[PDB]
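Participant: Right, I'll just put the structure down here and ask away after.
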Amino acid sequence: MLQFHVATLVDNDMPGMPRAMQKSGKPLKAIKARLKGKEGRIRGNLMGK
DNA sequence: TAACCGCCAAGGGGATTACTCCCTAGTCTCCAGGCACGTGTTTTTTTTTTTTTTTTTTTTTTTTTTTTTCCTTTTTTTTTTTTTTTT
């Protein structure tokens, strides 16, 4: 479970790995979700601020 | 009905004796295939690296702008206070 919490802190988009459960019925938004994506920290905040 | 026996007749060829002769038994002497020893080159086995297709993983999906709506927990177990009954 410690490895599960560490992995979901790092990457919650890993297939074959149980998704982290948030309080509002959503998956947890990890740091990879903050960076990778069109609306991410790179494309939506550094590329397109 | 001709096997078998008795009787008679005839002849054919194996046994016997002698002479010969010739092929093998025996004995040297030279030499060469038959055999004991060593080994091989194909045959099978095992690795080794690649090949080729299948399967899985992962990442991706034009940009900008303006309005609402709903939600931003919830049941389920444990605890703690309160109230009632009894001696």
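Every chain in the structure tokens has a letter given in the order shown (A, B, ...), and although residue numbers restart at 1 in each chain, ligands are simply numbered from 1 in the order shown.
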Excluding stretch 32-47 of chain A and its own-chain neighbours fewer than 5 positions away, which residues fall within 9 Å of it when counting only C-alpha atoms (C1' of nucleotides)? Please give them as JSON, numbers by chain.
Facilitator: {"A": [10, 11, 12, 13]}
Participant: At a cut-off of 10 Å, can you tabulate as CSV every residue of chain A near chain B together with its closest atom pair and the distance in Å to one decimal, using only C-alpha atoms (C1' of nucleotides) and ordering rows by chain then number?
Facilitator:
```
residue,atom,partner,partner_atom,distance
A:15,CA,B:57,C1',9.1
A:23,CA,B:73,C1',6.8
A:24,CA,B:73,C1',7.1
A:25,CA,B:73,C1',9.3
```
Participant: What's around stretch 17-20 of chain A at 10 Å? Count only C-alpha atoms (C1' of nucleotides), leave out sequence neighbours fewer than 2 positions away in its own chain, and write the answer as a PDB file with N, CA, C and O atoms, in the first residue's frame.
Facilitator:
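The result, stored in part_11.pdb:
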```pdb
ATOM      1  N   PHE A   4       1.746   1.655  -3.492  1.00  0.00           N
ATOM      2  CA  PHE A   4       0.558   2.126  -4.202  1.00  0.00           C
ATOM      3  C   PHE A   4       0.366   3.631  -4.041  1.00  0.00           C
ATOM      4  O   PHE A   4       0.091   4.335  -5.021  1.00  0.00           O
ATOM      5  N   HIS A   5       0.518   4.141  -2.811  1.00  0.00           N
ATOM      6  CA  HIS A   5       0.408   5.582  -2.582  1.00  0.00           C
ATOM      7  C   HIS A   5       1.537   6.356  -3.258  1.00  0.00           C
ATOM      8  O   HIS A   5       1.299   7.439  -3.807  1.00  0.00           O
ATOM      9  N   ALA A   7       3.195   5.398  -6.020  1.00  0.00           N
ATOM     10  CA  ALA A   7       2.947   5.341  -7.457  1.00  0.00           C
ATOM     11  C   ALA A   7       1.811   6.267  -7.873  1.00  0.00           C
ATOM     12  O   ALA A   7       1.915   6.965  -8.888  1.00  0.00           O
ATOM     13  N   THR A   8       0.726   6.306  -7.093  1.00  0.00           N
ATOM     14  CA  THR A   8      -0.373   7.211  -7.410  1.00  0.00           C
ATOM     15  C   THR A   8      -0.012   8.670  -7.158  1.00  0.00           C
ATOM     16  O   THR A   8      -0.615   9.556  -7.773  1.00  0.00           O
ATOM     17  N   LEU A   9       0.944   8.939  -6.265  1.00  0.00           N
ATOM     18  CA  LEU A   9       1.521  10.275  -6.184  1.00  0.00           C
ATOM     19  C   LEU A   9       2.312  10.601  -7.446  1.00  0.00           C
ATOM     20  O   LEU A   9       2.265  11.732  -7.941  1.00  0.00           O
ATOM     21  N   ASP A  11       2.321   8.617 -10.683  1.00  0.00           N
ATOM     22  CA  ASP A  11       1.605   8.367 -11.931  1.00  0.00           C
ATOM     23  C   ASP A  11       0.316   7.618 -11.638  1.00  0.00           C
ATOM     24  O   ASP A  11       0.351   6.451 -11.236  1.00  0.00           O
ATOM     25  N   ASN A  12      -0.819   8.273 -11.871  1.00  0.00           N
ATOM     26  CA  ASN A  12      -2.122   7.649 -11.708  1.00  0.00           C
ATOM     27  C   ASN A  12      -2.702   7.134 -13.019  1.00  0.00           C
ATOM     28  O   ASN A  12      -3.834   6.639 -13.028  1.00  0.00           O
ATOM     29  N   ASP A  13      -1.962   7.233 -14.122  1.00  0.00           N
ATOM     30  CA  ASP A  13      -2.449   6.819 -15.431  1.00  0.00           C
ATOM     31  C   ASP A  13      -1.848   5.496 -15.890  1.00  0.00           C
ATOM     32  O   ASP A  13      -1.930   5.166 -17.079  1.00  0.00           O
ATOM     33  N   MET A  14      -1.247   4.736 -14.982  1.00  0.00           N
ATOM     34  CA  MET A  14      -0.617   3.474 -15.347  1.00  0.00           C
ATOM     35  C   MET A  14      -1.671   2.392 -15.550  1.00  0.00           C
ATOM     36  O   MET A  14      -2.462   2.136 -14.634  1.00  0.00           O
ATOM     37  N   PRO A  15      -1.731   1.752 -16.716  1.00  0.00           N
ATOM     38  CA  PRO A  15      -2.655   0.629 -16.900  1.00  0.00           C
ATOM     39  C   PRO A  15      -2.205  -0.593 -16.113  1.00  0.00           C
ATOM     40  O   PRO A  15      -1.021  -0.791 -15.834  1.00  0.00           O
ATOM     41  N   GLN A  22     -10.543   9.504  -5.395  1.00  0.00           N
ATOM     42  CA  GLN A  22     -10.719  10.801  -4.765  1.00  0.00           C
ATOM     43  C   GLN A  22     -12.101  10.869  -4.117  1.00  0.00           C
ATOM     44  O   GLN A  22     -12.950   9.995  -4.306  1.00  0.00           O
ATOM     45  N   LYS A  26     -13.696  11.036  -8.716  1.00  0.00           N
ATOM     46  CA  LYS A  26     -12.761  11.298  -9.795  1.00  0.00           C
ATOM     47  C   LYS A  26     -11.450  10.564  -9.537  1.00  0.00           C
ATOM     48  O   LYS A  26     -11.178  10.149  -8.405  1.00  0.00           O
ATOM     49  N   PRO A  27     -10.641  10.333 -10.567  1.00  0.00           N
ATOM     50  CA  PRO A  27      -9.261   9.899 -10.323  1.00  0.00           C
ATOM     51  C   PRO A  27      -8.414  11.037  -9.775  1.00  0.00           C
ATOM     52  O   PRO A  27      -8.701  12.220  -9.975  1.00  0.00           O
ATOM     53  N   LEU A  28      -7.360  10.657  -9.055  1.00  0.00           N
ATOM     54  CA  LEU A  28      -6.403  11.630  -8.542  1.00  0.00           C
ATOM     55  C   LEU A  28      -5.604  12.251  -9.681  1.00  0.00           C
ATOM     56  O   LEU A  28      -5.196  11.566 -10.623  1.00  0.00           O
ATOM     57  N   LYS A  29      -5.382  13.560  -9.588  1.00  0.00           N
ATOM     58  CA  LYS A  29      -4.589  14.286 -10.577  1.00  0.00           C
ATOM     59  C   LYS A  29      -3.145  14.317 -10.090  1.00  0.00           C
ATOM     60  O   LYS A  29      -2.803  15.061  -9.168  1.00  0.00           O
ATOM     61  N   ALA A  30      -2.297  13.504 -10.712  1.00  0.00           N
ATOM     62  CA  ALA A  30      -0.903  13.402 -10.311  1.00  0.00           C
ATOM     63  C   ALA A  30      -0.078  14.514 -10.957  1.00  0.00           C
ATOM     64  O   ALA A  30      -0.597  15.396 -11.646  1.00  0.00           O
TER      65      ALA A  30
END
```
Participant: Looking only at alpha helix (DSSP H) from DSSP on the backbone, list the matching residues of chain A as a VMD selection string.
Facilitator: chain A and resid 2 to 10 31 to 35
Participant: Nearest to residue A:48: which of B:63, B:87, B:44, B:52 is it, counting only C-alpha atoms (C1' of nucleotides)?
Facilitator: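 Using only C-alpha atoms (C1' of nucleotides), the shortest distance to residue A:48 belongs to B:63.
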